[PDB]
Amino acid sequence: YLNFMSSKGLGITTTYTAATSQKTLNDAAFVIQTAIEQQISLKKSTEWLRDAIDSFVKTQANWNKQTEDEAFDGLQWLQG
Amino acid sequence: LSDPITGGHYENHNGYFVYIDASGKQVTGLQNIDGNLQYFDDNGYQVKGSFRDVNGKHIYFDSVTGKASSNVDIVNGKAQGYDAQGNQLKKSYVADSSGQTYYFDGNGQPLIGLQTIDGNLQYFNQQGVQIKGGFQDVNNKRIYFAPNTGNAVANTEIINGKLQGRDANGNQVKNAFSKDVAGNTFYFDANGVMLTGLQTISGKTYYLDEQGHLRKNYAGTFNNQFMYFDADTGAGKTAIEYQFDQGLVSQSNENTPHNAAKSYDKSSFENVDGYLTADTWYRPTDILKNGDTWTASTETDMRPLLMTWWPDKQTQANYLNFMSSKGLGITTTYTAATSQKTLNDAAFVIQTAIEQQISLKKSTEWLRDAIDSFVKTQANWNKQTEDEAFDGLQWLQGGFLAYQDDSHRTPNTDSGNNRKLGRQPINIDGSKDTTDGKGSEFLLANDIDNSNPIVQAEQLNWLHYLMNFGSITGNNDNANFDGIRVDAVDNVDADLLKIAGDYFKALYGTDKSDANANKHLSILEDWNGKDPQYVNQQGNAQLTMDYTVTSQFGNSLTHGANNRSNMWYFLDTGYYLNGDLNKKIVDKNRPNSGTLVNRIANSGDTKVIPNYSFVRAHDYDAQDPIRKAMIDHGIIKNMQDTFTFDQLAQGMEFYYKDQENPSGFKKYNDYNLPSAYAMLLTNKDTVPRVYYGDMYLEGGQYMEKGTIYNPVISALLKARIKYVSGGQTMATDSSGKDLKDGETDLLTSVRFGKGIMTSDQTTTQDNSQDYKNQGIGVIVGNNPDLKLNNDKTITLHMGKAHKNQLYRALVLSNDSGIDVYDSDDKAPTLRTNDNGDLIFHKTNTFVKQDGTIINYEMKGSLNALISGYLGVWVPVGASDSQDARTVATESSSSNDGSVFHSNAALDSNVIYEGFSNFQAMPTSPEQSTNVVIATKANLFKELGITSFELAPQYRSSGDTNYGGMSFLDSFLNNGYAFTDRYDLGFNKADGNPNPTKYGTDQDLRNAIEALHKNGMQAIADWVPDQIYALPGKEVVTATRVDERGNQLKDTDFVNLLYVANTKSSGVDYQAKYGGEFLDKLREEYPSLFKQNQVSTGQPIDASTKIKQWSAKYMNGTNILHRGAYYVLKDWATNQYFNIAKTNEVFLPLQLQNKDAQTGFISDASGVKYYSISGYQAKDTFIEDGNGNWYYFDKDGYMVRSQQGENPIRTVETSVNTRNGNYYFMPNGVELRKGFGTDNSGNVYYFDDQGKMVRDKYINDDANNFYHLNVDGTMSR
Amino acid sequence: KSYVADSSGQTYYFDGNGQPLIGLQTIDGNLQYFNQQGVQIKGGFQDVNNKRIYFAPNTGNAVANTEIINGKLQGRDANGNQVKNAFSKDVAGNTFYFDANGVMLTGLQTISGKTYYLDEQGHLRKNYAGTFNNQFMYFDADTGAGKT
Ligand SMILES: OC[C@H]1O[C@H](OC[C@H]2O[C@H](O)[C@H](O)[C@@H](O)[C@@H]2O)[C@H](O)[C@@H](O)[C@@H]1O
Ligand SMILES: OC[C@H]1O[C@H](OC[C@H]2O[C@H](O)[C@H](O)[C@@H](O)[C@@H]2O)[C@H](O)[C@@H](O)[C@@H]1O
Ligand SMILES: [Ca+2]
């Protein structure tokens, strides 16, 4: 999440890993939260954020078809 | 990346590699060390098999080497590729640590599922991994993906029990041919099932074997009627139609009488010994000047034979295409299949064009070059038909030809039934001719036939000329060589040793006394391990080398940074029974092994074989390293490569840098040279030899700069004079390969003094006192990381003749170098105990005799001068003029018949091999080797050199190269490669100076005299094996052979005519001095000329003198890259063209203005063939323009199979190499590289060239294996 | 300056001159060998100079490999030198270790202060857990080095 939001101009672009300390990630989440509220004031809208979250969510394997075992044999050929 | 560093060792701590700088500091971070990119964490340990982050880069390092390379990392949830520099890869394949392959797209994300890349179909699993070597159900189809590429291809699998076929798109195959991965083709019917046996499809017939494999290039009787299956598609032809496309046609026309030769002789034909060559030019009757008007030809007018005649249509077509390409006509694609008439017409339009460019340029040199070029294009006229090979001594120059005795075709070249090859010492009588014990007679250049008595006499003449060089060339009896080195002993007839030995006996009475023998020190380059025993049985006329000790230096000290044989191996304990050093019973029977001279307890009581020994030589541990260095730095590509002197100089700078590297690691150079010399120079029963290049740098100018080893070796040399004498012992702190807990494997070598032969001997038998201040102690290790246990003590048993005596160091190693002590006062002392032992501990406190206390650890060290330990100790109180040598006795000591004897007198000598093959050319006359030797003779006297081995002084053949590979001896002018054997630096005949690399002939005589003024002898390098770059051509009969003169197994180059360069100028010094001294010698010492030689049964023959070399006196030559058929031949009759004598002329009929008919013509009896030159083919193989081969029998008729009869025929031809069993089809075509069935159903196989194959396994491009019995049949 | 594969799958490389390259050659930094007819050797050993070299099945690129000399497996590196005192691979992907005398090692081996487990076939085992020292030991997925 931190890396994705960073890439969209919201902070220093970061390579964070699961190995990064919890404290660091939480601090970084807050600097992103700050930046978020600023672009909410600037745009007076949250639709830009809706789209950012939607996109980010589908990035993650637990939240997309990668954890759905897409297959195409038999009638599964039609829709996966 | 990161800037490179060198000069730091790698260290291992707790299972981890650390790297310590030249600075001496432990290294962290990313580092390029010697071209390898590596990383070390904060603690200084090296990372392997893990990813690290430096700057913007994600770099993996290898699991073995720790070197930066590509990998895939799972980063967060997802796979991402990375290169060697740590960049995320885009649109690239990467293989990970497990050898799995991903393809990452434009965004760097791996592709999944079916994909097409570079037009290749590939599949990827859901994790992004590439499927390779398997089937895969994707997109409602099954597809096989290839083992390594992973590309979609046809394949077969077995469904139920029936083979099924799958194509590239994953569809099953029905009604079609389809392959499998191995390469086999099958056919599958409408119901999908594979077909077997004979099948007709689409109006063509194919043969599928039991396995369903489509058989191509396969002959057999399938309809009980013959059928040949195509090499292209496997389609059956009846092989009834003749495939030759050339009917009998006449070639003569209106131009024939114009282009015919003016004359049938040497006037009108450029030739060698009467024969013609591809680049022969001839004189046509008339000339189409300017392409307009035929005009009679003047003598100067000459035209290339290839303008008008060709050996065959292939060559004709190639000539036309080549000349066309150079602006001479319509550029053409002609083949051998093109009609003869067309090619001939086209040759004439080219002839026209040629005469036009001759008028335009007013020259023919442009044409000379065009023909030369074209000729080398053709395989028959270049090395492709010479079977270039590089194994064995062939490594040097690419392979050898042996000349043959052939009075009918090549009589000037006949050797009179000489040319006995490989008569090396162990095979002097030919008794090992059929084994590897036959000598490698062929080494380099033109190998001289030293089995010929006439040649043997000439070699003696040359020998005499050298031994009297000064008397003969300067009337200076003090400028004569005293002794000889015999170059390449195992590559010549061993008679030469007897000839040389007997000569010395006759003229100097070397068999009379040790003083006579030793006044003419002489050595052998005799590498075979059985040569020492031979040389001794023959009375040691020249000193054998002792490779056994040179070899052990390689294994235990000189070679390799680490895993080295123990010093234990120097002892050769096997010498004694049961390896027992307490009991010391000599083992009278051993399995032909061990060192030549035992030195465990050498008291001089057992007779031993006299010898010289060395650590290095001009030709040992020099030529290879120096070139490896140039190769490693991109200065040349191959060892055989030609290099320039500047190229050598650049390489030499790296060589020197590596040699003197303070790290102590050496990549090209030898380790532990000081330690090796310390042993060499203290050993009893040997004449040691010292290599110039260990004392001075091997390149640049002579004696330009001393080496780092010079001080130490110089000290050892001067100490040898003062202290080295008496008996020897040698021991190691070691019992074998493997070391017990306390054991150091440190070698202790001791000499006792003049009359002292044993440890326990307390005094001389003659009561002389010389011994007390003589003797020496040497300690040496091969382990730079050697640390002693605190308790451990190491002892030098200096002997009971040296009780309670004070000893002082000559030489001591340490971590920065080796200290050298020039006199007693400047050195640490230490005193022997009551028993005469110097005891050493891990830690030592020595005292100087007057000055002070010194601390010293018995510690292995590592630096440019050593990798191990070295300590040498001498008795204090030695006189300044002390000399421990023994003078040689004038008395007849021995009735054994022998010349040299290993004893204290012989051991008092030292040879200096005073040159390097890689010296630069003298920049000025003043710096020429032999000038310098004269000014510096003094310096060598004081190192105890008694004989100076000078380089071979013969004039270098240089850059001259008549064909074939040049050798470094020649282009480096080192004197081993020479044109004139008697020119040792004489002036040009116009008066101008003409030095060798070493200086003029005067410089040589001055150098030799200077050495005699300083009591040293001068050694001549006697080089009888070969001679280089002879300017005259002759036609020999030659066979392609390996170093031992054995015909290569699969060669057609057998008894073929060849143009060789074998003839000397006849106006050279060899002409002046050749055989001149023999008459004088026969008069004065008759028995030399009456004594029989062993190999020949004959005495040497001075009745004929050699002023000019020629082929009849040679065994052969290195291949000259000219071709098997550069000497022109008619394919039809197999006779070679010739014009020497008008009674026996043979030319193509065109050139004699007769009608040449050429082609295939049928008659009632069978098919006949006429060559381009117009002769009928008989008893010869012939190739048509489409590439088919035929055999024409003695009667002149093509061989062909009849119905119901065996197609296999046994052929015995004029050309023997082609003898064998062939398979001819009904239309006469020979089967090649495929199987043929006989009339009875038996299958055989026939090779590349049509021959039947027997008694072996045979593999197939599709991995099918077949076996052929002895009778030829296939069991399979 | 291009590779071409012919009808039979044989591969040649043509230089600037157009003449097919013959003998040992380096291309795109890859070491390759060509017979006297200009054909590329793939999937086999070869003797060039003084060093025997294996060339890969598809690329033909020089790589480490093992062959059986007499009855003992031996190891050959990418430069064609036999391997002594080191780890070396074979084409299949297995790593072996060869001692000072060139002979492949077997079983539990400690080298350079680390412990590796080689099975009966001499294969270095990575990501392998077991207790054969009468003590537990996990052999690294990276290098096969034993950790506790
Ligand atoms: O461009 C060459 C090659 O690249 C990839 O294959 C690399 C590598 O894969 C395995 O290690 C094989 O055993 C080797 O022979 C290969 O060189 C691609 O997968 C392949 O399609 C491509 O040809
Ligand atoms: O070469 C003289 C040498 O011969 C025997 O040893 C042969 C050979 O044995 C090993 O394999 C060592 O690794 C080599 O260094 C040896 O040269 C004798 O036993 C030995 O004493 C002698 O020096
Ligand atoms: Ca010879």
# chains A, B, ... in the order shown; residues from 1 in each chain; ligands from 1
$ residues_around --residues "residue 12 in chain C" --least-positions-apart "3" --cutoff "12 Å" --atoms "only C-alpha atoms" --output "JSON list (two decimals) with N, CA and C atoms, in the first residue's frame"
[["chain", "number", "residue", "atom", "x", "y", "z"],
["C", 1, "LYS", "N", 27.97, -11.52, -40.22],
["C", 1, "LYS", "CA", 27.91, -11.43, -38.73],
["C", 1, "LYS", "C", 26.55, -11.90, -38.20],
["C", 2, "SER", "N", 26.22, -13.14, -38.53],
["C", 2, "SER", "CA", 24.96, -13.75, -38.11],
["C", 2, "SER", "C", 25.08, -15.28, -38.02],
["C", 3, "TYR", "N", 24.29, -15.86, -37.12],
["C", 3, "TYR", "CA", 24.11, -17.30, -37.04],
["C", 3, "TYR", "C", 23.10, -17.69, -38.11],
["C", 4, "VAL", "N", 23.27, -18.86, -38.71],
["C", 4, "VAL", "CA", 22.16, -19.50, -39.41],
["C", 4, "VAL", "C", 22.12, -21.00, -39.15],
["C", 5, "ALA", "N", 20.90, -21.50, -38.97],
["C", 5, "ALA", "CA", 20.64, -22.92, -38.83],
["C", 5, "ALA", "C", 20.14, -23.41, -40.19],
["C", 6, "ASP", "N", 20.70, -24.53, -40.65],
["C", 6, "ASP", "CA", 20.36, -25.11, -41.95],
["C", 6, "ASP", "C", 19.14, -26.05, -41.85],
["C", 7, "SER", "N", 18.86, -26.79, -42.92],
["C", 7, "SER", "CA", 17.71, -27.71, -42.94],
["C", 7, "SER", "C", 17.78, -28.77, -41.85],
["C", 8, "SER", "N", 18.98, -29.29, -41.61],
["C", 8, "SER", "CA", 19.22, -30.33, -40.60],
["C", 8, "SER", "C", 19.34, -29.80, -39.16],
["C", 9, "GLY", "N", 19.22, -28.48, -38.98],
["C", 9, "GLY", "CA", 19.38, -27.85, -37.67],
["C", 9, "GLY", "C", 20.83, -27.51, -37.34],
["C", 15, "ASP", "N", 31.21, -14.55, -40.38],
["C", 15, "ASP", "CA", 31.89, -13.33, -39.92],
["C", 15, "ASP", "C", 31.71, -12.18, -40.91],
["C", 18, "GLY", "N", 32.42, -13.22, -44.40],
["C", 18, "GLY", "CA", 31.38, -14.12, -44.90],
["C", 18, "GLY", "C", 31.81, -15.57, -44.78],
["C", 19, "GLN", "N", 33.09, -15.81, -44.53],
["C", 19, "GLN", "CA", 33.59, -17.17, -44.39],
["C", 19, "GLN", "C", 33.14, -17.66, -43.02],
["C", 20, "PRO", "N", 32.62, -18.91, -42.94],
["C", 20, "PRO", "CA", 32.10, -19.40, -41.67],
["C", 20, "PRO", "C", 33.23, -19.55, -40.67],
["C", 21, "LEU", "N", 32.99, -19.21, -39.40],
["C", 21, "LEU", "CA", 34.07, -19.28, -38.41],
["C", 21, "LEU", "C", 34.35, -20.74, -38.11],
["C", 22, "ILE", "N", 35.61, -21.03, -37.84],
["C", 22, "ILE", "CA", 36.07, -22.38, -37.57],
["C", 22, "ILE", "C", 36.94, -22.36, -36.31],
["C", 23, "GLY", "N", 36.86, -23.41, -35.51],
["C", 23, "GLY", "CA", 37.61, -23.48, -34.26],
["C", 23, "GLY", "C", 36.97, -22.71, -33.10],
["C", 25, "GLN", "N", 35.86, -19.86, -30.61],
["C", 25, "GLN", "CA", 35.42, -18.49, -30.89],
["C", 25, "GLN", "C", 34.61, -17.94, -29.75],
["C", 32, "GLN", "N", 32.40, -20.67, -27.95],
["C", 32, "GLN", "CA", 31.81, -21.73, -28.78],
["C", 32, "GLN", "C", 32.88, -22.42, -29.64],
["C", 33, "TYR", "N", 32.57, -23.63, -30.10],
["C", 33, "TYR", "CA", 33.49, -24.37, -30.98],
["C", 33, "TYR", "C", 32.87, -24.73, -32.32],
["C", 34, "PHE", "N", 33.70, -24.72, -33.36],
["C", 34, "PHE", "CA", 33.25, -25.05, -34.71],
["C", 34, "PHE", "C", 34.19, -26.06, -35.38],
["C", 35, "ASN", "N", 33.62, -27.12, -35.97],
["C", 35, "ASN", "CA", 34.43, -28.13, -36.65],
["C", 35, "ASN", "C", 35.06, -27.56, -37.93],
["C", 36, "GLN", "N", 35.93, -28.33, -38.57],
["C", 36, "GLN", "CA", 36.64, -27.86, -39.76],
["C", 36, "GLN", "C", 35.72, -27.53, -40.95],
["C", 37, "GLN", "N", 34.47, -28.01, -40.93],
["C", 37, "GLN", "CA", 33.47, -27.67, -41.95],
["C", 37, "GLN", "C", 32.61, -26.46, -41.56],
["C", 38, "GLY", "N", 32.91, -25.83, -40.43],
["C", 38, "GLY", "CA", 32.21, -24.62, -39.97],
["C", 38, "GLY", "C", 30.96, -24.84, -39.13],
["C", 39, "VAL", "N", 30.71, -26.11, -38.77],
["C", 39, "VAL", "CA", 29.49, -26.50, -38.06],
["C", 39, "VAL", "C", 29.67, -26.31, -36.56],
["C", 40, "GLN", "N", 28.61, -25.90, -35.87],
["C", 40, "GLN", "CA", 28.67, -25.64, -34.43],
["C", 40, "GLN", "C", 28.42, -26.90, -33.63],
["C", 41, "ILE", "N", 29.38, -27.21, -32.76],
["C", 41, "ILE", "CA", 29.25, -28.31, -31.82],
["C", 41, "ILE", "C", 28.30, -27.91, -30.70],
["C", 42, "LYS", "N", 27.31, -28.79, -30.49],
["C", 42, "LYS", "CA", 26.29, -28.65, -29.47],
["C", 42, "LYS", "C", 26.10, -30.01, -28.76],
["C", 60, "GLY", "N", 25.16, -24.18, -27.24],
["C", 60, "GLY", "CA", 26.48, -24.62, -27.61],
["C", 60, "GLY", "C", 27.51, -23.88, -26.81]]
$ interface_residues --of "chain C" --to "chain B" --cutoff "10 Å" --atoms "only C-alpha atoms" --output "PyMOL selection string"
chain C and resi 8+24-25+36-37+47-50+56-59+84-89+92-93+95+100-101+110-115+140-145
$ residues_near_ligand --ligand "ligand 1" --cutoff "12 Å" --atoms "only C-alpha atoms and all ligand atoms" --output "ChimeraX atom specification"
/B:70-71,91-104,115-124,128-133,145-152 /C:28,30,42-43,55-63,90-93
$ select_by_dssp --residues "range 852-1028 of chain B" --states "strand (DSSP E or B)" --output "ChimeraX atom specification"
/B:853-857,859,861-863,866-868,870-875,911-913,947-949,955-956,978-980,1017-1022,1026-1027
$ write_last_selection --atoms "N, CA and C atoms" --output "JSON list (two decimals), in the first residue's frame"
[["chain", "number", "residue", "atom", "x", "y", "z"],
["B", 853, "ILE", "N", 71.82, -9.46, 19.75],
["B", 853, "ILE", "CA", 70.77, -10.49, 19.73],
["B", 853, "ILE", "C", 69.73, -10.29, 18.61],
["B", 854, "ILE", "N", 69.32, -11.38, 17.95],
["B", 854, "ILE", "CA", 68.31, -11.36, 16.86],
["B", 854, "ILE", "C", 67.15, -12.34, 17.15],
["B", 855, "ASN", "N", 65.92, -11.93, 16.84],
["B", 855, "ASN", "CA", 64.74, -12.81, 17.00],
["B", 855, "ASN", "C", 64.25, -13.34, 15.68],
["B", 856, "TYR", "N", 63.91, -14.63, 15.64],
["B", 856, "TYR", "CA", 63.49, -15.27, 14.39],
["B", 856, "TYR", "C", 62.53, -16.43, 14.61],
["B", 857, "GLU", "N", 61.42, -16.40, 13.89],
["B", 857, "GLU", "CA", 60.43, -17.46, 13.99],
["B", 857, "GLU", "C", 60.55, -18.45, 12.81],
["B", 859, "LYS", "N", 58.65, -20.02, 10.57],
["B", 859, "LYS", "CA", 57.36, -19.55, 10.16],
["B", 859, "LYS", "C", 57.36, -19.68, 8.66],
["B", 861, "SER", "N", 56.30, -18.23, 5.23],
["B", 861, "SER", "CA", 56.08, -16.85, 4.82],
["B", 861, "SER", "C", 55.48, -16.82, 3.41],
["B", 862, "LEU", "N", 54.95, -15.66, 3.02],
["B", 862, "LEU", "CA", 54.39, -15.49, 1.68],
["B", 862, "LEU", "C", 54.76, -14.10, 1.18],
["B", 863, "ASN", "N", 55.52, -14.06, 0.10],
["B", 863, "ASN", "CA", 55.89, -12.83, -0.61],
["B", 863, "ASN", "C", 56.43, -13.19, -2.02],
["B", 866, "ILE", "N", 59.11, -16.10, -1.93],
["B", 866, "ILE", "CA", 58.83, -17.41, -1.35],
["B", 866, "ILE", "C", 57.36, -17.64, -1.02],
["B", 867, "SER", "N", 56.94, -18.91, -1.14],
["B", 867, "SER", "CA", 55.72, -19.43, -0.55],
["B", 867, "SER", "C", 56.11, -20.69, 0.20],
["B", 868, "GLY", "N", 56.59, -20.49, 1.43],
["B", 868, "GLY", "CA", 57.04, -21.56, 2.31],
["B", 868, "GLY", "C", 58.17, -21.07, 3.20],
["B", 870, "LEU", "N", 62.57, -21.05, 3.99],
["B", 870, "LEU", "CA", 63.94, -21.28, 3.51],
["B", 870, "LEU", "C", 65.01, -20.77, 4.51],
["B", 871, "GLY", "N", 65.88, -21.67, 4.94],
["B", 871, "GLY", "CA", 66.98, -21.31, 5.83],
["B", 871, "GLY", "C", 68.22, -22.06, 5.42],
["B", 872, "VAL", "N", 69.31, -21.33, 5.25],
["B", 872, "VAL", "CA", 70.58, -21.93, 4.90],
["B", 872, "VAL", "C", 71.64, -21.47, 5.87],
["B", 873, "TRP", "N", 72.44, -22.41, 6.36],
["B", 873, "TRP", "CA", 73.41, -22.16, 7.41],
["B", 873, "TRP", "C", 74.78, -22.73, 7.04],
["B", 874, "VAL", "N", 75.81, -21.97, 7.38],
["B", 874, "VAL", "CA", 77.19, -22.30, 7.07],
["B", 874, "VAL", "C", 78.09, -22.12, 8.28],
["B", 875, "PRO", "N", 79.21, -22.84, 8.31],
["B", 875, "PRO", "CA", 80.13, -22.66, 9.41],
["B", 875, "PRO", "C", 80.81, -21.30, 9.35],
["B", 911, "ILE", "N", 76.97, -25.26, -14.99],
["B", 911, "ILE", "CA", 76.69, -24.78, -16.31],
["B", 911, "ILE", "C", 75.75, -23.61, -16.17],
["B", 912, "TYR", "N", 75.95, -22.59, -17.00],
["B", 912, "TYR", "CA", 75.02, -21.45, -17.06],
["B", 912, "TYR", "C", 74.41, -21.42, -18.43],
["B", 913, "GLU", "N", 73.10, -21.61, -18.48],
["B", 913, "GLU", "CA", 72.38, -21.51, -19.72],
["B", 913, "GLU", "C", 72.09, -20.05, -19.95],
["B", 947, "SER", "N", 81.28, -23.88, -17.23],
["B", 947, "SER", "CA", 80.87, -23.93, -18.67],
["B", 947, "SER", "C", 79.66, -23.03, -18.97],
["B", 948, "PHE", "N", 79.77, -22.28, -20.05],
["B", 948, "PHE", "CA", 78.78, -21.29, -20.43],
["B", 948, "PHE", "C", 78.03, -21.83, -21.64],
["B", 949, "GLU", "N", 76.75, -22.15, -21.46],
["B", 949, "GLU", "CA", 75.93, -22.66, -22.57],
["B", 949, "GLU", "C", 75.40, -21.45, -23.28],
["B", 955, "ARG", "N", 72.21, -18.45, -38.13],
["B", 955, "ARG", "CA", 71.42, -17.33, -38.65],
["B", 955, "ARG", "C", 69.94, -17.68, -38.76],
["B", 956, "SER", "N", 69.12, -16.81, -38.18],
["B", 956, "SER", "CA", 67.69, -17.04, -38.11],
["B", 956, "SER", "C", 67.03, -16.96, -39.46],
["B", 978, "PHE", "N", 66.80, -21.88, -38.45],
["B", 978, "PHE", "CA", 67.84, -21.35, -39.27],
["B", 978, "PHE", "C", 67.84, -21.92, -40.68],
["B", 979, "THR", "N", 68.36, -21.12, -41.62],
["B", 979, "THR", "CA", 68.47, -21.50, -43.04],
["B", 979, "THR", "C", 69.85, -22.04, -43.36],
["B", 980, "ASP", "N", 70.89, -21.42, -42.80],
["B", 980, "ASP", "CA", 72.29, -21.79, -43.02],
["B", 980, "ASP", "C", 72.96, -22.25, -41.72],
["B", 1017, "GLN", "N", 84.39, -22.82, -20.08],
["B", 1017, "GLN", "CA", 84.18, -23.44, -21.36],
["B", 1017, "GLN", "C", 82.99, -22.83, -22.08],
["B", 1018, "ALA", "N", 82.92, -23.06, -23.39],
["B", 1018, "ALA", "CA", 81.82, -22.57, -24.18],
["B", 1018, "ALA", "C", 81.14, -23.73, -24.88],
["B", 1019, "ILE", "N", 79.81, -23.79, -24.74],
["B", 1019, "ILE", "CA", 79.00, -24.89, -25.27],
["B", 1019, "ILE", "C", 78.30, -24.47, -26.55],
["B", 1020, "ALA", "N", 78.45, -25.29, -27.56],
["B", 1020, "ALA", "CA", 77.77, -25.10, -28.80],
["B", 1020, "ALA", "C", 76.45, -25.88, -28.78],
["B", 1021, "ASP", "N", 75.38, -25.24, -29.20],
["B", 1021, "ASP", "CA", 74.11, -25.93, -29.39],
["B", 1021, "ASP", "C", 74.13, -26.64, -30.74],
["B", 1022, "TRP", "N", 74.24, -27.96, -30.72],
["B", 1022, "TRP", "CA", 74.22, -28.78, -31.92],
["B", 1022, "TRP", "C", 72.76, -29.14, -32.22],
["B", 1026, "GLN", "N", 66.45, -30.39, -37.62],
["B", 1026, "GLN", "CA", 65.80, -29.71, -38.72],
["B", 1026, "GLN", "C", 66.49, -28.45, -39.24],
["B", 1027, "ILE", "N", 65.91, -27.93, -40.31],
["B", 1027, "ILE", "CA", 66.38, -26.71, -40.92],
["B", 1027, "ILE", "C", 65.16, -26.03, -41.52]]
$ residues_near_ligand --ligand "ligand 2" --cutoff "7 Å" --atoms "only C-alpha atoms and all ligand atoms" --output "ChimeraX atom specification"
/B:548-549,551-552,555-556,565,569-574,593-595
$ select_by_dssp --residues "chain A" --states "alpha helix (DSSP H)" --output "number ranges by chain"
A: 2-5, 22-43, 47-59, 76-79
$ residues_near_ligand --ligand "ligand 3" --cutoff "9 Å" --atoms "only C-alpha atoms and all ligand atoms" --output "PyMOL selection string"
chain B and resi 421-423+439-444+446-450+488-493+1024-1026+1114-1116
$ closest_atom_pairs --of "chain A" --to "chain B" --cutoff "8 Å" --atoms "only C-alpha atoms" --output "Markdown table"
| residue | atom | partner | partner_atom | distance |
| --- | --- | --- | --- | --- |
| A:17 | CA | B:76 | CA | 5.9 |
| A:18 | CA | B:76 | CA | 7.0 |
| A:60 | CA | B:77 | CA | 7.9 |
| A:61 | CA | B:77 | CA | 7.8 |
| A:72 | CA | B:139 | CA | 7.6 |
| A:73 | CA | B:140 | CA | 7.0 |
$ write_last_selection --atoms "C-alpha atoms" --output "mmCIF file, in the first residue's frame"
data_model
loop_
_atom_site.group_PDB
_atom_site.id
_atom_site.type_symbol
_atom_site.label_atom_id
_atom_site.label_comp_id
_atom_site.auth_asym_id
_atom_site.auth_seq_id
_atom_site.Cartn_x
_atom_site.Cartn_y
_atom_site.Cartn_z
ATOM 1 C CA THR A 17 9.083 -4.899 2.309
ATOM 2 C CA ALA A 18 7.316 -7.082 4.839
ATOM 3 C CA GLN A 60 -2.925 -7.949 -4.379
ATOM 4 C CA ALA A 61 -3.153 -11.719 -4.983
ATOM 5 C CA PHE A 72 -10.125 -23.276 -18.699
ATOM 6 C CA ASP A 73 -10.654 -26.982 -19.164
#
$ atom_distance --atom1 "CA of residue 259 in chain B" --atom2 "CA of residue 341 in chain B"
16.6 Å
$ atom_distance --atom1 "CA of residue 1160 in chain B" --atom2 "CA of residue 247 in chain B"
5.0 Å
$ atom_distance --atom1 "CA of residue 513 in chain B" --atom2 "CA of residue 1083 in chain B"
25.4 Å
$ residues_around --residues "residue 615 in chain B" --least-positions-apart "5" --cutoff "9 Å" --atoms "only C-alpha atoms" --output "list in words"
residues 549, 550, 551, 553, 554, 558, 620, 621, 673, 676, 677, 680, 689, 690 and 691 of chain B
$ residues_around --residues "residue 252 in chain B" --least-positions-apart "2" --cutoff "9 Å" --atoms "only C-alpha atoms" --output "PyMOL selection string"
chain B and resi 250+254-257+1150+1153-1157
$ write_last_selection --atoms "C-alpha atoms" --output "short mmCIF file (atom, residue, chain, number, x, y, z; two decimals), in the first residue's frame"
data_model
loop_
_atom_site.label_atom_id
_atom_site.label_comp_id
_atom_site.auth_asym_id
_atom_site.auth_seq_id
_atom_site.Cartn_x
_atom_site.Cartn_y
_atom_site.Cartn_z
CA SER B 250 33.95 -32.49 -78.11
CA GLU B 254 38.38 -22.41 -83.58
CA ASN B 255 40.25 -21.30 -80.49
CA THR B 256 41.89 -24.63 -79.70
CA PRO B 257 44.92 -24.26 -81.99
CA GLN B 1150 43.56 -29.40 -75.62
CA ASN B 1153 45.80 -29.14 -80.14
CA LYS B 1154 44.09 -32.49 -80.20
CA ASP B 1155 40.41 -33.11 -79.60
CA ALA B 1156 39.41 -33.59 -75.97
CA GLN B 1157 36.12 -35.32 -75.58
#
